[PDB]
Protein chains: 2
Amino acid sequence: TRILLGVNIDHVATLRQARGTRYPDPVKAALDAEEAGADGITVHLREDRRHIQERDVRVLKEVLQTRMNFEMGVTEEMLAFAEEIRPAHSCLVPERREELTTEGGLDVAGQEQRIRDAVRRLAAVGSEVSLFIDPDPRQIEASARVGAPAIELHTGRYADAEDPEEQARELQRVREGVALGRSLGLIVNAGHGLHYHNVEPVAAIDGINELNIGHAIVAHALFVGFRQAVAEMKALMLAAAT
Amino acid sequence: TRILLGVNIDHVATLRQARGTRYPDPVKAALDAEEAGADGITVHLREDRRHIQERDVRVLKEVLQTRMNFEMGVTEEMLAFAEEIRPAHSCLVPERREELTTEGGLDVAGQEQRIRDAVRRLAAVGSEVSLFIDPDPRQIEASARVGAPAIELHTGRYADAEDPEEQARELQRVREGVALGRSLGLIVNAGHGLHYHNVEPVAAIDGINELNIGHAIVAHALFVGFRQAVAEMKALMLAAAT
């Protein structure tokens with residue numbers, strides 16, 4: 001079927017934590033996003049609790065009309081929490097120096113057994129697990145070995161490209177990443193760093209399943225509202241994927 | 001005349017610094033705010049550069065259709081910056097431990113001479129200077145002594161009140177604060193911590209000049225957009241003040 005949009009609401013909480021109030025509620029933003037056509041809601045509970053809190057995830061579990069994509073760093077605390085939450089989707093991301101690559105993706109190749117156990121525990125809970133990795137053939141192949149059904153390609157370097165030539169190279173890496181992943185039977189996602197003026201070439205890639213976009217949508221929502229921001233982003237993706 | 005709305009755009013930059021992009025641009029929000037009926041734009045350039053940058057203030061100077069309210073801590077580096085920028089309005093706020101009172105306002109009484117010089121220097125540049133103080137008789141009277149034309153009352157405690165009885169007391173402090181200030185010939189402002197569900201009793205206070213509101217407007221803008229968020233807040237204030 002068509003390309004899918006997952007809306008990450010972390011930076012709604014970024015705004016909330018700035019003053020330590022109860023608003024803006026990331027829960028409300030999540031419900032607005034679904035109402036505006038989001039296919040899923042993505043939430044990242046960090047160990048440092050920078051934005052999203054446990055309260056956020058627990059309430060989301062009770063109110064979501066679609067499905068949760070629970071982003072987490074691989075620790076015992078987060079795994080146990082996820083086993084409680086039972087999210088439909090989950091995504092393992094790097095938060096600590098040891099699990100980080102230079103580009104920013106999860107070093108699955110460096111920690112294969114550790115990731116495999118995490119994938120197994122999450123899958124046993126019914127969660128479809130994704131691994132947030134760089135568009136690196138070596139990380140993609142490792143991701144397939146550890147038994148993850150899906151990967152999300154790090155589109156950061158594509159988004160951070162200064163000259164058009166550099167962006168073309170980085171877009172080509174993502175393109176090659178998708179082709180490789182699907183050849184290994186993986187579901188391939190992306191989304192980091194994407195905004196309303198660079199999303200279309202990524203959404204145009206054949207075989208892309210879901211784009212998980214957060215910050216740019218939240219940023220745009222400041223001007224048009226969350227409902228319109230989500231709808232506009234989805235429409236861009238659908239028109240580009242055609 | 002009628003009550004005035006100053007829109008503080010600090011936390012648009014908060015959302016920007018989270019990912020270090022150019023979006024969301026506080027400049028765009030400010031221009032949206034003016035277009036939506038804001039009477040002035042408030043911007044706080046901190047020493048630690050937590051959100052707003054030098055870029056923000058300088059661009060605002062070039063694009064504002066109304067007037068800038070430059071919030072700043074009193075330092076030599078910052079006073080000179082203000083003397084170049086020459087904002088129509090300025091507001092002296094606490095940033096360092098020694099100038100903070102327990103309630104959070106600027107300890108004008110403790111540093112009268114230091115503040116007096118700051119007011120004089122800014123006034124010489126044509127700026128209407130405001131002092132961010134607690135709704136305390138001793139700070140209000142000190143502010144009049146140092147020659148500042150205006151004060152802004154810290155409405156944080158009123159906003160932070162847990163039980164209705166506490167809120168009634170804190171509102172009374174603000175009410176008495178306004179009365180005292182105007183008796184000393186001061187322009188009296190407020191706005192900190194105010195949101196769409198507690199602003200009206202404050203806007204209803206006789207003699208209130210301008211409310212400077214930031215975070216709550218930014219938070220609400222996530223759902224309805226900055227233009228509608230600004231307009232909705234102003235209408236509440238106008239209806240309450242009449």
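Residues numbered from 1 in each chain as written, not as in the entry; some residues may be left out. Chains lettered and ligands numbered in written order. Heavy atoms only, no water. Residues with missing side-chain atoms left out of burial classes, pairs and counts.

This part is about the pattern of salt bridges. Residues and elements named next belong to chain A. Tallied over the entire structure, the rule returns 42 salt bridges over all chains. Residue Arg49 pairs with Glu77 through a salt bridge whose shortest N-O separation is 3.0 Å. Pair noted here: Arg49 is in the loop between strand 2 (40-44) and helix 3 (54-63) and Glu77 is in helix 4 (residues 76-85), with a separation of 28 residues, a long-range link. Taking the relative accessible area as the measure of exposure, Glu77 reaches 41% and is therefore partly exposed. (Salt bridge = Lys/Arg side-chain N within 4 Å of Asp/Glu carboxyl O. Helix = DSSP H or I, 4+ residues; strand = E, 2+ residues; numbered from the N terminus. Buried < 20%, exposed > 50% of the residue type's maximum accessible area, 1.4 Å probe, protein only.)

What follows concerns the nonpolar core. Residues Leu131(A) and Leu131(B) are the most contacted members of the largest nonpolar core, which totals 149 residues. Apart from residues no more than four positions distant in its own chain, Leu131(B) is found in contact with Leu92(B), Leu106(B), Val108(B), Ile115(B), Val119(B), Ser143(B), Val146(B), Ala148(B), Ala150(B), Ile151(B) and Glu152(B). (Core = buried A, V, L, I, M, F, W, Y, C linked by side-chain atoms within 4.5 Å. Contact = heavy atoms within 4.5 Å.)

Attention now goes to the side chain of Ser143(B). Residue and element names in this part refer to chain B. Here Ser143 is to be found in helix 6 (residues 137-145). In terms of polar contacts, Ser143 uses its side chain to reach the backbone carbonyl oxygen of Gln139, at 2.8 Å. Not counting residues within four places of it along the chain, the set of residues in contact with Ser143 comprises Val108, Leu131, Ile133, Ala148 and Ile151. (Polar contact = N/O pair within 3.5 Å; in protein donor to acceptor, adjacent residues only side chain to side chain.)

Our next topic: helix 2 (residues 26-35) of chain B. Of all 10 residues in helix 2 of chain B, seven are buried, a share of seventy percent or more. Within helix 2 of chain B, burial applies to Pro26(B), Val27(B), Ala29(B), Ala30(B), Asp32(B), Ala33(B) and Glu34(B). Those residues of helix 2 of chain B that are buried lie in contact with helix 10 (215-224) of chain A together with strand 1 (4-8), helix 1 (10-17), strand 2 (40-44), helix 3 (54-63) and helix 11 (226-241) of chain B. Of the residues that open helix 2 of chain B, the one with a side-chain oxygen 3.0 Å from the backbone nitrogen of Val27(B) is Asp25(B). Looking one or two residues past helix 2 of chain B, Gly37(B) carries a phi angle of roughly 110°, positive in sign.

Residue and element names in this part refer to chain B. What the eight strands build is an open sheet, ordered 7-6-5-4-3-2-1-8; its pairing is parallel. The two strands at the open ends of the sheet, each matched to only one other strand, are strand 7 (187-189) and strand 8 (210-213). Taken over all neighbouring pairs, the strand axes of this sheet differ in orientation by 25° on average, direction set aside. Taken together, the four bridges between strand 1 and strand 8 define a ladder with parallel strand orientation. Paired with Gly6 across the bridge in strand 8 is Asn212. (Pairing = 2+ DSSP bridges. Axes fitted to C-alpha atoms, helices over the stretch in contact; angles between N-to-C directions.)

This part takes up the relation of the copies chain B and chain A. Both copies of the chain are related by one operation, a rotation about an axis with a shift along it. Note on the identical chains: chain B maps onto chain A by a rotation of 180° and an axial translation of 0.1 Å, with an RMSD of 0.2 Å. Such values leave the two copies arranged in the relation of a two-fold axis. (Least-squares fit on C-alpha atoms.)

All names here are of chain A. In the numbering used here, UniProt assigns the "binding site: 3-amino-2-oxopropyl phosphate" feature to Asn8, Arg19, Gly193, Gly214 and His215. These residues run over 208 residues, and the two farthest C-alpha atoms among them are 25.5 Å apart, placing them at more than one spot. One can find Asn8 in strand 1 (residues 4-8). Overall, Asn8 belongs to the buried group, its relative accessible area being 9%. (UniProt positions renumbered as here; feature names shortened; annotations may be inferred.)

Our next topic: the packing of aromatic side chains. All names here are of chain B. Per the stated rule, a full pass over the model turns up two aromatic pairs over all chains. Between the aromatic rings of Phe70 and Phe81, the centroid separation amounts to 5.8 Å while the plane-to-plane angle is 55°, which identifies the pairing as tilted. Taken together, the residues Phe70 in strand 3 (residues 68-72) and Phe81 in helix 4 (residues 76-85) connect sequence positions 11 residues apart. Taking relative accessible area as the criterion, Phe70 reaches 1% and is therefore assigned buried. Here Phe81 falls in the buried class, since its relative accessible area comes to 9%. (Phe/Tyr/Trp six-rings, centres within 6.5 Å; stacked < 30°, edge-to-face > 60°.)

All names here are of chain B. Along the chain, the position of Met233 falls in helix 11. The spacing of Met233 and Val74 is 159 residues in sequence and 30 Å in space, taken between C-alpha atoms. Excluding anything up to four places from it in sequence, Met233 contacts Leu5, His195, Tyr196, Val199, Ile213 and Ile217.

Attention shifts here to the interface of chain B and chain A. Across the boundary between the two partners, chain B contributes 27 residues, which contact 27 residues of chain A. Breaking the side of chain B that touches chain A down by element, the ones donating at least two residues are helix 1, helix 2, helix 10 (215-224) and helix 11 of chain B. With eight residues, the top contributor of residues to the side of chain B that touches chain A is helix 10 of chain B. For the side of chain B that touches chain A, the residue count by class is 14 nonpolar, eight polar and five charged. (Nonpolar A, V, L, I, M, F, W, Y, C, P; charged D, E, K, R; others polar.)

Attention shifts here to the UniProt feature "active site" in chain A. Residues and elements named next belong to chain A. As recorded in UniProt, the feature "active site" lies at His44, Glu71 and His192. Across 149 residues, the annotated set stays spatially compact, with a maximum C-alpha separation of 12.9 Å. Position of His44 among the secondary structure elements: in strand 2. Sequence-distant contacts of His44, that is, excluding residues within four places in its chain, are made with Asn8, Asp10, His51, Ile52, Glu71, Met72, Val93 and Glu95. In this structure, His192 sits in the loop between strand 7 (187-190) and helix 9 (199-203). Overall, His192 belongs to the partly exposed group, its relative accessible area being 43%. If we skip the residues at most four places from it in the chain, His192 touches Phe132, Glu152, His154, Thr155, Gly156 and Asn212.

Residues and elements named next belong to chain A. Here strand 2 lies mainly inside the structure; five of its five residues are buried. Where burial is concerned, the two faces of strand 2 agree: the one with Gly40, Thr42 and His44 and the one with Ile41 and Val43 are both buried. Pairing of strand 1 with strand 2 involves three bridges; the strand directions are parallel. When the bridges of strand 2 are listed, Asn8 appears paired with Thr42. Direction of pairing for strand 2 relative to strand 3 (residues 68-72): parallel, over a ladder of four bridges. Bridged to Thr42 within strand 3 is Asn69. At this point the chain moves from strand 2, through helix 3, to the parallel strand 3, and the crossover so formed is right-handed. (Right-handed = clockwise from strand over helix to strand, strands pointing away.)

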